[PDB]
Amino acid sequence: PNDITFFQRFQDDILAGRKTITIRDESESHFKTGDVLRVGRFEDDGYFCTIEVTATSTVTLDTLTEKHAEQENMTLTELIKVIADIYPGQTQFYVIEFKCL
Ligand SMILES: Nc1ccn([C@@H]2O[C@H](CO)[C@@H](O)[C@H]2O)c(=O)n1
Ligand SMILES: [Mg+2]
């Protein structure tokens, strides 16, 4: 079973180490530094890697930074657009920093 999923269009970015954080809402605020997590694709729940959580922090819509976007391998405009679709109306988020094992 997978502990967490990503949209499959992020799979290669994660395996290549271009994406090293993910921004989630309260439903995934329980992941914490030192967790070792099985990761699957959102679309088919297919496993593709195991990650280690290396850091966590809280962030809000109005405190997301260019650097958060860079670590998501996005522009900031791109990151805000994805959040507006995935977490409509939400402002409180949780940063999970990780590495692919
Ligand atoms: N920063 C983020 C936030 C969410 N997600 C994907 O969207 C699903 C629903 O939140 C999540 O389960 C996850 O698959 C993502 O890929 N990257
Ligand atoms: Mg959109």
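Structure determination for this entry, per the PDB record, employed X-ray crystallography and reached 1.54 Å resolution.

S.K.: Would you mind showing me how to read the pairing of strand β5 (residues 92–100) here?
M.R.: When a strand is regular, its side chains alternate between the sheet's two faces. Pairing of strand β2 (residues 21–24) with β5, which is carried by 4 bridges, proceeds in the antiparallel orientation. Within β5, the residue paired with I21 across the bridge is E97. Here strand β4 (residues 47–60) pairs with β5 via 9 bridges, running antiparallel. Bridge pairing links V53 to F98 in β5.

S.K.: Sorry if this is basic, but what is going on with the sheet that holds β2 here?
M.R.: Hydrogen bonds between backbone groups are what pair the strands of a sheet, and the pairing can be parallel or antiparallel. The strand order across the open sheet formed by 5 strands is β1-β3-β4-β5-β2, and the pairing between neighbours is mixed. The two strands at the open ends of the sheet, each matched to only one other strand, are β1 (4–6) and β2. Mean inter-strand twist for the sheet, computed between neighbouring axes without regard to direction, equals 45°. Bridge analysis of strand β3 (residues 36–41) against β4 gives 5 bridges, and the strand direction is antiparallel. Each bridged residue has a counterpart across the sheet, and for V39 the counterpart in β4 is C49.

S.K.: Hey, could you run me through the pattern of salt bridges in this one?
M.R.: Any two side chains of opposite charge can pair, on the condition that their charged atoms come close. Tallied over the entire structure, the rule returns 6 salt bridges. With a closest N to O distance of 2.8 Å, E28 and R24 form a salt bridge. In this structure, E28 and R24 share a single accessibility class: buried.

The rules behind each value
- Within every chain, numbering proceeds from 1 in written sequence order, not necessarily in step with the numbering of the entry, and residues without coordinates do not appear.
- Chain letters and ligand numbers both follow the written order, the letters beginning at A and the numbers at 1.
- Only heavy atoms go into the side-chain values, all of them from the structure, while hydrogens and water stay out.
- Residues with missing side-chain atoms are left out of burial classes, side-chain pairs and their counts.
- If DSSP finds at least two bridges between two strands, the strands pair.
- The numbering of helices and of strands both runs from the N terminus, where a helix is a DSSP run of H or I of at least 4 residues and a strand a run of E of at least 2.
- To get an axis, a line is fitted to the C-alpha atoms, and for a helix only the part in contact is used. The angle between two axes follows their N-to-C directions and goes from 0 to 180 degrees.
- The rule for a salt bridge is simple: a side-chain nitrogen of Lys or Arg has to be within 4 Å of a carboxyl oxygen of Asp or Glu.
- With a 1.4 Å probe rolled over the protein chains alone, any residue whose accessible area is under 20% of its type maximum counts as buried; one over 50% counts as exposed, and the rest are partly exposed.

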